[PDB]
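**Student:** For reference, the structure I am asking about is given below.
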Amino acid sequence: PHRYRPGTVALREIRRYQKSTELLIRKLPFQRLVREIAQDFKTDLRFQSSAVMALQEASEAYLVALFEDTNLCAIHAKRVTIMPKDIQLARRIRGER
Amino acid sequence: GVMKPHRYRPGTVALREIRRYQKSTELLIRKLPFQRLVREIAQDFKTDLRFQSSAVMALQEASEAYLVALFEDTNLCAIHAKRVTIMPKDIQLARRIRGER
Amino acid sequence: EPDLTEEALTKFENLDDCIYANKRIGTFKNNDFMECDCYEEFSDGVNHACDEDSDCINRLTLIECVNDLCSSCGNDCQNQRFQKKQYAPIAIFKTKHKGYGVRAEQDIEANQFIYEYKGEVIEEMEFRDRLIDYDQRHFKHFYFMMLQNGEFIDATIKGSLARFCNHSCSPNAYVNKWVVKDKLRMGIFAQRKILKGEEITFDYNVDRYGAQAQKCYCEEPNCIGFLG
Amino acid sequence: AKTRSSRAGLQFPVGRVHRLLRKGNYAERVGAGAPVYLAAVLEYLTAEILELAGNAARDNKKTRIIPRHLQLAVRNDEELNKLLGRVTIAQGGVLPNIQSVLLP
Amino acid sequence: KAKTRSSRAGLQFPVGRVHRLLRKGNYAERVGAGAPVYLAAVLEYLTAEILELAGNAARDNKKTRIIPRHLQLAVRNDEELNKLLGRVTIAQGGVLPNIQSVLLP
Amino acid sequence: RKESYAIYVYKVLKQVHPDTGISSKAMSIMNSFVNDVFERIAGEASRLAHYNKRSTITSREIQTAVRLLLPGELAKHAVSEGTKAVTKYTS
Amino acid sequence: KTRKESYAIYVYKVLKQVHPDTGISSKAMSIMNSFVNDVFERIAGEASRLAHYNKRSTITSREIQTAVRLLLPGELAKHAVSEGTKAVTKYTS
Amino acid sequence: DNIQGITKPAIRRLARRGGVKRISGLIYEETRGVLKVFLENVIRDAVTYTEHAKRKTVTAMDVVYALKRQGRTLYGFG
Amino acid sequence: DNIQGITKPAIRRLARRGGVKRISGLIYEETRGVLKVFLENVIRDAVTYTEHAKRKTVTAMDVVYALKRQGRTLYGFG
DNA sequence: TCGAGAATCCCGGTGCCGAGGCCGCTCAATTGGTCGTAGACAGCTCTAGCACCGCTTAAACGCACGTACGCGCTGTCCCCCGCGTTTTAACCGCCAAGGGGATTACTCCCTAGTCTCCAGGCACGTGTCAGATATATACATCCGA
DNA sequence: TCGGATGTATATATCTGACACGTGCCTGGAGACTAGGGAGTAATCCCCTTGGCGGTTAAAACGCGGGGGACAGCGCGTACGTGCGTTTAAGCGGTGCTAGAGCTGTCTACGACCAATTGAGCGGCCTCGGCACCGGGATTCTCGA
Ligand SMILES: C[S@@+](CC[C@H](N)C(=O)[O-])C[C@H]1O[C@@H](n2cnc3c(N)ncnc32)[C@H](O)[C@@H]1O
Ligand SMILES: [Zn+2]
Ligand SMILES: [Zn+2]
Ligand SMILES: [Zn+2]
């Protein structure tokens with residue numbers, strides 16, 4: 001009957017994934033997603049091994065840079081929980097949609 | 001005496017001015033204090049300069065659009081904060097999300 | 001009895017259009033006709049475009065809608081309550097000690113137009129002489145109204161039916177201002193649901209400076225005793 | 001002496017565009033169909049901008065195109081607002097809009 | 001003998017390669033003589049300025065080789081290098097450790 | 001002398017809307033627009049010609065620059081009008 | 001096959017001069033090469049724009065100095081201009 | 001249907017790297033939509049460069065040029 | 001003190017153009033600071049172009065080129 | 001105000017693969033000389049920029065008044081987090097076919113450069129209708145006497 | 001009733017206004033001709049891409065208790081709205097002077113260009129050391145008492 005208060009494991013994961021630098025999205029589902037949404041532009045394509053890695057690094061950096069501003073919007077709204085209106089605000093101030 | 005029954009509620013004249021300055025397209029800052037400000041901040045970079053008129057007009061037309069876009073994004077921040085009044089923390093949030101600071 | 005209305009039509013001079021002592025009078029200083037944004041037009045039946053519980057920016061900004069200038073809206077609107085003179089049934093009845101107070105005829109709901117205050121428009125340099133001769137001729141009441149910082153509204157000789165209403169410290173009516181083709185016109189709405197047989201009163205907030213301090217006969221538990 | 005623009009069937013000039021491609025130091029060699037193609041693209045874009053500006057001018061009963069009409073014609077289209085995203089047009093103003101949480 | 005312009009100007013980055021890239025980059029018709037020397041000096045100063053902070057981070061994290069994590073830390077811990085490389089994603093670098101003050105108890 | 005595009009915008013305007021005019025400030029805005037779009041397409045075509053180790057800007061390079069710079073619906077009509085103009089010129 | 005030119009050995013010499021005992025991997029060297037190429041293209045494009053605006057044909061050291069002054073922020077631009085001026089002065093005499 | 005391959009514990013790890021303490025339940029579909037739009041734009045530009053190059057293999061340099069047009073400037077790949 | 005020339009009913013007028021209904025009292029000094037930082041960042045590049053062009057007058061094309069470097073293309077002065 | 005319990009770092013042994021050094025080989029940087037033209041400098045013109053001054057009047061400021069909303073506080077309920085169990089496909093290792101990217105050689109035809117001819121757009125004067133403006137007299141419209 | 005002063009405004013005849021048309025011209029665009037070098041095309045080689053299959057387990061999926069934060073409502077009071085008189089300096093004309101932008105000539109020096117040379121830098125092949133990985137013990141933070 002040993003349990004932690006909710007938040008401690010969350011801060012531990014924040015420290016762990018801000019210390020470690022590695023891939024977070026798995027390689028084969030991301031590669032299948034890239035190939036599936038690449039079938040809509042040209043049939044019978046061919047991909048290298050490093051292009052998928054470059055796409056995954058760019059997507060990871062874009063998503064982390066989005067969630068940082070989203071968390072800042074959630075803090076400015078006097079909340080801790082992130083709602084998708086914070087995502088919409090962070091993408092609308094930046095100039096995307 | 002003269003009875004005085006009328007007084008405008010706060011908000012009606014404000015929305016009327018919003019419609020007025022969203023319909024009209026003109027200069028909103030006075031020209032000579034803006035020119036004195038530009039010359040004073042340009043004295044610190046190079047002594048004994050000289051300006052045209054179209055350069056100062058280009059500076060003013062840039063500053064107008066910059067400040068109007070800043071107040072639009074700041075009003076969006078204040079609406080997201082479940083308020084109507086704009087605070088300077090909304091300005092700081094807009095400048096930090098935009099990438100200026 | 002409604003015969004007092006027919007007597008009052010013989011007392012003063014009733015009018016239907018606004019008159020002025022000068023053509024250049026103090027009006028709204030920015031004339032470019034801010035129009036609305038509603039595109040609805042029910043021209044076959046009844047125009048339900050500019051009505052309450054809607055998004056009419058001219059109604060929310062207190063701006064009259066003009067027929068031959070407001071495009072993409074229609075030809076007739078329910079916001080047009082001054083040019084069409086969509087008035088209320090009125091009956092001038094007697095009071096105890098106030099005089100001839102206007103008492104309501106039927107049930108008037110909240111935020112509903114009753115009758116437009118009309119009359120002459122006078123200049124302050126002429127208003128000084130009007131105050132002097134109306135004071136020395138010893139008239140029983142005063143029938144004036146503030147329009148701007150230097151322009152007043154007279155309704156003694158040439159007035160309307162809204163010049164009779166008395167003062168009370170627990171009112172059921174309020175007065176707004178409207179811009180009707182570069183004209184500042186008055187108007188009396190309703191605060192609450194006015195029932196049958198109730199005298200329609202409103203706050204004067206008069207700032208008098210003469211040699212007479214009148215009294216009030218409202219006798220409600222919110223009064224003071226003086227007039228401003 | 002037929003002009004090259006009359007041979008191409010366009011209204012924008014072609015030899016001026018070829019001279020600007022040879023002058024601006026973009027490459028060592030310039031082809032023959034590139035100024036015709038680029039003049040056609042510029043003519044189509046200019047015709048689209050002037051068509052929407054004429055529509056915005058007829059929407060206010062005017063006989064002359066003003067930068068306010070240019071601002072409205074750019075900002076009321078989806079693709080032209082994406083093309084001219086961070087471009088400021090002088091004496092143009094902004095689009096009239098009022099938020100829904102501000103109305104009483 | 002036959003000296004080089006890099007040894008003549010006292011620099012470590014090459015001068016003939018930069019001059020060839022200026023002549024073949026389609027920037028102008030004519031290229032001066034002091035411009036590749038000046039640009040090689042600027043590039044050498046920027047390379048030394050970033051490798052100083054990279055080596056300081058590698059010494060402070062008790063390592064020897066410089067990895068993209070140390071490059072990311074050396075760029076993002078400086079002010080003017082972060083202002084210069086503001087729209088640059090460095091691969092295998094990660095982010096800075098930063099927890100907001102309203103989240104931790 | 002001073003080169004501009006002030007008469008060609010007149011020629012396009014008299015074909016798209018005959019009963020109208022245009023001022024001088026709007027003409028300056030249109031000239032700045034034509035110059036900006038010209039410089040962006042020329043720079044994109046120069047980079048596309050440099051990336052393939054070639055020294056010649058062709059209609060294929062300009063078409064690739066148009067498809068990279070303009071959005072979805074507008075670039076298709078631009079490619080169609082440009083291909084029609086090249087076909088009429090080579091016919 | 002085909003010779004591939006890179007800035008690896010020169011950044012390695014700068015690293016061995018600025019630190020006596022410090023190594024570097026291949027990925028960090030690729031990032032350094034891409035950084036040198038990016039700053040080279042930025043300064044060369046800005047100098048080309050400066051030479052085109054003034055109706056010139058020759059890119060001298062003045063256009064490179066003005067491009068460095070426009071592109072590098074604050075204190076770094078002053079030291080870059082000083083080191084480049086020292087290098088041009090040493091190359092002249 | 002490979003957009004569901006971006007699992008729930010992966011967006012959670014991306015948020016923990018971003019610094020998020022608590023995540024709601026409507027974040028994941030919006031995150032998948034944003035990722036889909038961004039990847040469609042970058043893959044559209046990369047396939048445009050590949051079709052211009054008259055090839056069939058999408059190299060890493062096409063991806064670097066597609067990110068350079070967007071303003072990303074990825075270092076480390078060519 | 002020419003920064004006080006940006007008066008109180010001018011920032012309010014800019015906010016009324018921007019669609020602002022109600023304004024606090026700590027907005028004006030922040031707006032003056034933002035305008036001063038932006039104008040210094042543009043005037044520095046304009047004076048740099050003027051010093052490079054061997055002139056002593058700051059023309060409009062230098063301002064247009066500075067705004068082009070800032071990422072804000074201005075039409076109507078070229 | 002603290003002891004079980006779970007992470008977390010220090011230290012030591014194993015080990016393995018990749019940064020660095022060495023050597024051979026093409027090739028582009030270097031040096032020398034010739035030659036074509038880019039702009040450095042001096043000079044002349046003339047034009048907007050700066051400075052000053054008088055007049056008018058529209059915008060800013062200080063103060064009075066008030067009322068509407070920002071924020072502190074309390075309840076509540078619901079939904080996301082920590083933990084345990086079950087499933088499942090990702091990572092790795094391995095082999096096999098093959099298809100297109102890079103290279104080399106050959107051939108061709110497209111465009112830069114040159115010369116001559118000529119006509120088209122840029123200034124430079126004229127002409128507009130929209131928007132007003134100097135006499136003046138009918139049509140009323142009042143102000144003494 | 002009689003004498004005297006006045007707003008409106010079209011008949012007649014005039015003063016800006018920013019754009020919309022007849023000519024002079026000269027400088028840039030168009031028509032042949034030649035040479036050569038960039039570009040198109042066929043063949044070859046291999047090496048990187050794609051596809052299949054088996055074993056293992058880290059990680060994804062699924063329930064379940066609960067507790068802490070998002071959301072709804074109430075009350076306080078202050079601070080930012082509207083208005084009025086006062087003050088202040090922003091427009092708006094007119095004149096004067098001049099530093100400095102803009103346009104021409106001379107020709108000196110600085111970079112383009114080609115041939116020979118050789119030291120400089122890219123590529124293949126060891127090699128030993130620094131960081132990857134695992135086991136044991138001491139250290140540090142958590143949470144119900
Ligand atoms: C309805 S009108 C005149 C009333 C009545 N018809 C008369 O002839 O006296 C408004 C006037 O009534 C007067 N009045 C208003 N409230 C009053 C009151 N409570 N008691 C007595 N007179 C009042 C005001 O002075 C105002 O001038
Ligand atoms: Zn309406
Ligand atoms: Zn209406
Ligand atoms: Zn009373």
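Within each chain, counting starts at residue 1; across the structure tokens, chains are named A, B, ... in the order shown, with ligands numbered 1 upward in that order.
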When the cut-off is 9 Å and we count only C-alpha atoms, which residues of chain H are near chain F, given as a PyMOL selection string?
**Tutor:** chain H and resi 45+48-49+52-53
**Student:** I need the chain D residues near chain J as a PyMOL selection string; criterion: at most 12 Å, counting only C-alpha atoms (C1' of nucleotides).
**Tutor:** chain D and resi 1-3+13+22+28-32
**Student:** Keeping only N, CA and C atoms, take the residues you just selected and write them out as a PDB file, in the first residue's frame.
**Tutor:**
ATOM      1  N   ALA D   1       9.015  44.155 -87.912  1.00  0.00           N
ATOM      2  CA  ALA D   1       9.616  44.138 -86.584  1.00  0.00           C
ATOM      3  C   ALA D   1       8.567  43.860 -85.513  1.00  0.00           C
ATOM      4  N   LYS D   2       8.130  42.606 -85.433  1.00  0.00           N
ATOM      5  CA  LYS D   2       7.140  42.207 -84.442  1.00  0.00           C
ATOM      6  C   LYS D   2       7.795  42.073 -83.074  1.00  0.00           C
ATOM      7  N   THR D   3       7.129  42.593 -82.046  1.00  0.00           N
ATOM      8  CA  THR D   3       7.628  42.442 -80.691  1.00  0.00           C
ATOM      9  C   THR D   3       7.417  41.010 -80.205  1.00  0.00           C
ATOM     10  N   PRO D  13       5.718  42.972 -70.802  1.00  0.00           N
ATOM     11  CA  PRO D  13       6.850  42.850 -71.726  1.00  0.00           C
ATOM     12  C   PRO D  13       7.696  41.620 -71.434  1.00  0.00           C
ATOM     13  N   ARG D  22      19.128  38.732 -67.187  1.00  0.00           N
ATOM     14  CA  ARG D  22      20.547  38.803 -67.519  1.00  0.00           C
ATOM     15  C   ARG D  22      21.318  39.794 -66.657  1.00  0.00           C
ATOM     16  N   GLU D  28      24.373  31.912 -65.156  1.00  0.00           N
ATOM     17  CA  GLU D  28      25.244  32.286 -66.263  1.00  0.00           C
ATOM     18  C   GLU D  28      24.475  32.377 -67.577  1.00  0.00           C
ATOM     19  N   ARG D  29      23.460  31.535 -67.755  1.00  0.00           N
ATOM     20  CA  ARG D  29      22.755  31.424 -69.024  1.00  0.00           C
ATOM     21  C   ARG D  29      21.257  31.461 -68.758  1.00  0.00           C
ATOM     22  N   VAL D  30      20.515  32.159 -69.616  1.00  0.00           N
ATOM     23  CA  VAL D  30      19.070  32.308 -69.487  1.00  0.00           C
ATOM     24  C   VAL D  30      18.419  31.736 -70.739  1.00  0.00           C
ATOM     25  N   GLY D  31      17.419  30.878 -70.551  1.00  0.00           N
ATOM     26  CA  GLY D  31      16.712  30.269 -71.658  1.00  0.00           C
ATOM     27  C   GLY D  31      15.783  31.236 -72.377  1.00  0.00           C
ATOM     28  N   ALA D  32      15.029  30.682 -73.325  1.00  0.00           N
ATOM     29  CA  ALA D  32      14.171  31.479 -74.191  1.00  0.00           C
ATOM     30  C   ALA D  32      12.701  31.454 -73.790  1.00  0.00           C
TER      31      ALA D  32
END
**Student:** Ligand 1: which residues are within 8 Å, counting only C-alpha atoms (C1' of nucleotides) and all ligand atoms? Reply as a list in words.
**Tutor:**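 Here is the list of contacting residues: residues 97, 98, 99, 100, 101, 102, 140, 141, 142, 143, 163, 164, 165, 166, 167, 168, 214, 215, 216, 217 and 218 of chain C.
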**Student:** Which protein, DNA or RNA residues have an atom within 10 Å of ligand 3, counting only C-alpha atoms (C1' of nucleotides) and all ligand atoms, as a PDB file with N, CA and C atoms, in the first residue's frame?
**Tutor:**
ATOM      1  N   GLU C  35     -22.857  51.228 -41.118  1.00  0.00           N
ATOM      2  CA  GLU C  35     -23.971  50.333 -41.385  1.00  0.00           C
ATOM      3  C   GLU C  35     -23.841  49.048 -40.569  1.00  0.00           C
ATOM      4  N   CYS C  36     -24.830  48.171 -40.725  1.00  0.00           N
ATOM      5  CA  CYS C  36     -24.871  46.907 -40.010  1.00  0.00           C
ATOM      6  C   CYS C  36     -24.217  45.809 -40.845  1.00  0.00           C
ATOM      7  N   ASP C  37     -24.263  44.582 -40.322  1.00  0.00           N
ATOM      8  CA  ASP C  37     -23.662  43.432 -40.978  1.00  0.00           C
ATOM      9  C   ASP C  37     -24.635  42.294 -41.242  1.00  0.00           C
ATOM     10  N   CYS C  38     -25.883  42.396 -40.790  1.00  0.00           N
ATOM     11  CA  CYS C  38     -26.869  41.339 -40.993  1.00  0.00           C
ATOM     12  C   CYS C  38     -27.354  41.373 -42.439  1.00  0.00           C
ATOM     13  N   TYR C  39     -27.405  40.201 -43.073  1.00  0.00           N
ATOM     14  CA  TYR C  39     -27.809  40.097 -44.469  1.00  0.00           C
ATOM     15  C   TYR C  39     -29.223  39.558 -44.646  1.00  0.00           C
ATOM     16  N   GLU C  40     -29.955  39.333 -43.558  1.00  0.00           N
ATOM     17  CA  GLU C  40     -31.293  38.767 -43.658  1.00  0.00           C
ATOM     18  C   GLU C  40     -32.279  39.802 -44.182  1.00  0.00           C
ATOM     19  N   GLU C  41     -33.209  39.346 -45.023  1.00  0.00           N
ATOM     20  CA  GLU C  41     -34.212  40.229 -45.614  1.00  0.00           C
ATOM     21  C   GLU C  41     -35.459  39.392 -45.890  1.00  0.00           C
ATOM     22  N   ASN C  47     -40.161  41.789 -41.801  1.00  0.00           N
ATOM     23  CA  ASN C  47     -38.710  41.858 -41.660  1.00  0.00           C
ATOM     24  C   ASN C  47     -38.315  41.606 -40.211  1.00  0.00           C
ATOM     25  N   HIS C  48     -37.748  40.429 -39.940  1.00  0.00           N
ATOM     26  CA  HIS C  48     -37.260  40.072 -38.614  1.00  0.00           C
ATOM     27  C   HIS C  48     -35.743  40.192 -38.508  1.00  0.00           C
ATOM     28  N   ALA C  49     -35.144  41.124 -39.250  1.00  0.00           N
ATOM     29  CA  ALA C  49     -33.689  41.234 -39.283  1.00  0.00           C
ATOM     30  C   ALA C  49     -33.157  42.006 -38.080  1.00  0.00           C
ATOM     31  N   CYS C  50     -33.573  43.264 -37.932  1.00  0.00           N
ATOM     32  CA  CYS C  50     -33.065  44.136 -36.874  1.00  0.00           C
ATOM     33  C   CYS C  50     -34.066  44.138 -35.721  1.00  0.00           C
ATOM     34  N   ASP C  51     -33.925  43.143 -34.849  1.00  0.00           N
ATOM     35  CA  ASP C  51     -34.775  42.962 -33.681  1.00  0.00           C
ATOM     36  C   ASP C  51     -33.870  42.626 -32.496  1.00  0.00           C
ATOM     37  N   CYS C  56     -27.471  42.829 -34.109  1.00  0.00           N
ATOM     38  CA  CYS C  56     -27.554  44.110 -34.799  1.00  0.00           C
ATOM     39  C   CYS C  56     -26.607  45.112 -34.149  1.00  0.00           C
ATOM     40  N   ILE C  57     -25.546  45.477 -34.876  1.00  0.00           N
ATOM     41  CA  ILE C  57     -24.542  46.377 -34.321  1.00  0.00           C
ATOM     42  C   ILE C  57     -25.078  47.807 -34.240  1.00  0.00           C
ATOM     43  N   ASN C  58     -26.048  48.164 -35.088  1.00  0.00           N
ATOM     44  CA  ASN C  58     -26.662  49.483 -34.975  1.00  0.00           C
ATOM     45  C   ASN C  58     -27.612  49.558 -33.789  1.00  0.00           C
ATOM     46  N   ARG C  59     -28.220  48.432 -33.408  1.00  0.00           N
ATOM     47  CA  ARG C  59     -29.039  48.413 -32.200  1.00  0.00           C
ATOM     48  C   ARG C  59     -28.168  48.409 -30.950  1.00  0.00           C
ATOM     49  N   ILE C  63     -27.674  53.233 -32.920  1.00  0.00           N
ATOM     50  CA  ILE C  63     -27.600  53.921 -34.204  1.00  0.00           C
ATOM     51  C   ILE C  63     -28.845  53.568 -35.010  1.00  0.00           C
ATOM     52  N   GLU C  64     -29.531  54.587 -35.520  1.00  0.00           N
ATOM     53  CA  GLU C  64     -30.703  54.379 -36.358  1.00  0.00           C
ATOM     54  C   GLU C  64     -30.299  53.832 -37.725  1.00  0.00           C
ATOM     55  N   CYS C  65     -31.126  52.936 -38.258  1.00  0.00           N
ATOM     56  CA  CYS C  65     -30.922  52.354 -39.578  1.00  0.00           C
ATOM     57  C   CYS C  65     -31.696  53.161 -40.613  1.00  0.00           C
ATOM     58  N   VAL C  66     -30.998  53.603 -41.654  1.00  0.00           N
ATOM     59  CA  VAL C  66     -31.563  54.433 -42.714  1.00  0.00           C
ATOM     60  C   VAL C  66     -31.912  53.532 -43.892  1.00  0.00           C
ATOM     61  N   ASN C  67     -33.077  53.781 -44.501  1.00  0.00           N
ATOM     62  CA  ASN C  67     -33.622  52.884 -45.518  1.00  0.00           C
ATOM     63  C   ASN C  67     -32.798  52.917 -46.803  1.00  0.00           C
ATOM     64  N   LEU C  69     -29.837  54.020 -47.461  1.00  0.00           N
ATOM     65  CA  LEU C  69     -28.384  54.046 -47.318  1.00  0.00           C
ATOM     66  C   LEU C  69     -27.799  52.732 -46.829  1.00  0.00           C
ATOM     67  N   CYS C  70     -28.545  51.954 -46.048  1.00  0.00           N
ATOM     68  CA  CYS C  70     -28.035  50.701 -45.492  1.00  0.00           C
ATOM     69  C   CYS C  70     -28.249  49.586 -46.506  1.00  0.00           C
ATOM     70  N   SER C  71     -27.191  49.246 -47.236  1.00  0.00           N
ATOM     71  CA  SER C  71     -27.274  48.192 -48.233  1.00  0.00           C
ATOM     72  C   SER C  71     -27.195  46.818 -47.573  1.00  0.00           C
ATOM     73  N   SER C  72     -27.656  45.806 -48.320  1.00  0.00           N
ATOM     74  CA  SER C  72     -27.658  44.388 -47.944  1.00  0.00           C
ATOM     75  C   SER C  72     -28.428  44.113 -46.653  1.00  0.00           C
ATOM     76  N   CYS C  73     -29.445  44.919 -46.355  1.00  0.00           N
ATOM     77  CA  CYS C  73     -30.270  44.728 -45.170  1.00  0.00           C
ATOM     78  C   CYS C  73     -31.758  44.675 -45.472  1.00  0.00           C
ATOM     79  N   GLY C  74     -32.231  45.464 -46.438  1.00  0.00           N
ATOM     80  CA  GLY C  74     -33.621  45.493 -46.827  1.00  0.00           C
ATOM     81  C   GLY C  74     -34.097  46.918 -46.995  1.00  0.00           C
ATOM     82  N   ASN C  75     -35.419  47.074 -47.064  1.00  0.00           N
ATOM     83  CA  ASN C  75     -36.040  48.381 -47.208  1.00  0.00           C
ATOM     84  C   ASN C  75     -36.768  48.828 -45.948  1.00  0.00           C
ATOM     85  N   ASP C  76     -37.329  47.901 -45.176  1.00  0.00           N
ATOM     86  CA  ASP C  76     -37.977  48.210 -43.911  1.00  0.00           C
ATOM     87  C   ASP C  76     -37.336  47.377 -42.812  1.00  0.00           C
ATOM     88  N   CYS C  77     -37.172  47.982 -41.637  1.00  0.00           N
ATOM     89  CA  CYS C  77     -36.537  47.325 -40.506  1.00  0.00           C
ATOM     90  C   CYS C  77     -37.329  47.602 -39.237  1.00  0.00           C
ATOM     91  N   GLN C  78     -37.259  46.659 -38.296  1.00  0.00           N
ATOM     92  CA  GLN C  78     -37.889  46.843 -36.995  1.00  0.00           C
ATOM     93  C   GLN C  78     -37.051  47.690 -36.049  1.00  0.00           C
ATOM     94  N   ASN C  79     -35.808  48.008 -36.420  1.00  0.00           N
ATOM     95  CA  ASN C  79     -35.045  49.021 -35.704  1.00  0.00           C
ATOM     96  C   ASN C  79     -35.585  50.417 -35.987  1.00  0.00           C
ATOM     97  N   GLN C  80     -36.269  50.597 -37.119  1.00  0.00           N
ATOM     98  CA  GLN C  80     -36.854  51.882 -37.496  1.00  0.00           C
ATOM     99  C   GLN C  80     -38.099  52.114 -36.644  1.00  0.00           C
TER     100      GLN C  80
END
**Student:** Give me, as a list in words, the residues of chain J touching chain I, with the criterion being at most 12 Å (counting only C-alpha atoms (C1' of nucleotides)).
**Tutor:**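 So the contacting residues turn out to be residues 48, 49, 59, 60, 61, 68, 69 and 70 of chain J.
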**Student:** For chain D against chain E, which residues fall within 7 Å using only C-alpha atoms, given as a PyMOL selection string?
**Tutor:** chain D and resi 25-27
**Student:** Can I get the residues of chain J within 9 Å of chain F, each with the closest pair of atoms and their distance in Å to one decimal, using only C-alpha atoms (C1' of nucleotides), sorted chain first then ascending number, as a Markdown table?
**Tutor:**
| residue | atom | partner | partner_atom | distance |
| --- | --- | --- | --- | --- |
| J:121 | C1' | F:7 | CA | 8.8 |
| J:122 | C1' | F:1 | CA | 6.4 |
| J:123 | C1' | F:1 | CA | 8.4 |
**Student:** How about saving the chosen residues, N, CA, C and O atoms (P, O5', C5', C4', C3', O3' and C1' of nucleotides) kept, as an mmCIF file, in the first residue's frame?
**Tutor:**
data_model
loop_
_atom_site.group_PDB
_atom_site.id
_atom_site.type_symbol
_atom_site.label_atom_id
_atom_site.label_comp_id
_atom_site.auth_asym_id
_atom_site.auth_seq_id
_atom_site.Cartn_x
_atom_site.Cartn_y
_atom_site.Cartn_z
ATOM 1 P P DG J 121 5.426 50.648 -75.613
ATOM 2 O "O5'" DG J 121 5.826 51.522 -74.331
ATOM 3 C "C5'" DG J 121 6.955 51.150 -73.536
ATOM 4 C "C4'" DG J 121 7.724 52.369 -73.024
ATOM 5 C "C3'" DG J 121 6.981 53.267 -72.039
ATOM 6 O "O3'" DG J 121 7.909 53.778 -71.091
ATOM 7 C "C1'" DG J 121 7.614 54.539 -73.907
ATOM 8 P P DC J 122 7.439 54.178 -69.608
ATOM 9 O "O5'" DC J 122 8.216 55.548 -69.326
ATOM 10 C "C5'" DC J 122 9.628 55.620 -69.524
ATOM 11 C "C4'" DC J 122 10.087 57.058 -69.736
ATOM 12 C "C3'" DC J 122 9.423 58.100 -68.836
ATOM 13 O "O3'" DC J 122 10.399 59.018 -68.365
ATOM 14 C "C1'" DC J 122 9.146 58.709 -71.104
ATOM 15 P P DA J 123 10.305 59.608 -66.875
ATOM 16 O "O5'" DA J 123 10.446 61.189 -67.081
ATOM 17 C "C5'" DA J 123 9.447 61.899 -67.803
ATOM 18 C "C4'" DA J 123 10.074 62.901 -68.756
ATOM 19 C "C3'" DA J 123 9.652 64.342 -68.527
ATOM 20 O "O3'" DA J 123 10.611 65.228 -69.094
ATOM 21 C "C1'" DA J 123 8.682 63.563 -70.524
#
**Student:** Could you name the residues that touch residue 79 in chain D at 12 Å or less, counting only C-alpha atoms (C1' of nucleotides), but leaving out those on the same chain fewer than 6 positions away, as a ChimeraX atom specification?
**Tutor:** /D:45,48-49,73,85 /F:69-75
**Student:** So, counting only C-alpha atoms, which residue among I:58, I:66, I:42, I:11 is closest to chain B?
**Tutor:**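 Residue with the minimum atom-to-atom distance to chain B: I:58.
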**Student:** What separation in Å, quoted to one decimal, exists between CA of residue 82 in chain F and CA of residue 5 in chain D?
**Tutor:**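 Separating CA of residue 82 in chain F from CA of residue 5 in chain D is a distance of 13.1 Å.
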**Student:** Given a cut-off of 10 Å, which residues of chain J touch chain A, counting only C-alpha atoms (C1' of nucleotides), written out as a list in words?
**Tutor:**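 Listing them in order of chain and number gives residues 5, 6, 7, 80, 81, 82, 83 and 90 of chain J.
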**Student:** Tell me which of B:96, B:89, B:101, B:50 sits closest to chain K, counting only C-alpha atoms (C1' of nucleotides).
**Tutor:** B:50
**Student:** Please determine the contact residues of chain H with respect to chain E at a cut-off of 8 Å, counting only C-alpha atoms, and supply them as a VMD selection string.
**Tutor:** chain H and resid 17 19 21 71 to 76
**Student:** Counting only C-alpha atoms (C1' of nucleotides), which residues from chain J have an atom at most 10 Å from any atom of chain G, and could you show them as a PyMOL selection string?
**Tutor:** chain J and resi 18-20+38-39+102-103
**Student:** Using only C-alpha atoms (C1' of nucleotides), determine which residues of chain K fall within 9 Å of chain I; present them as number ranges by chain.
**Tutor:** K: 79-81, 100-101
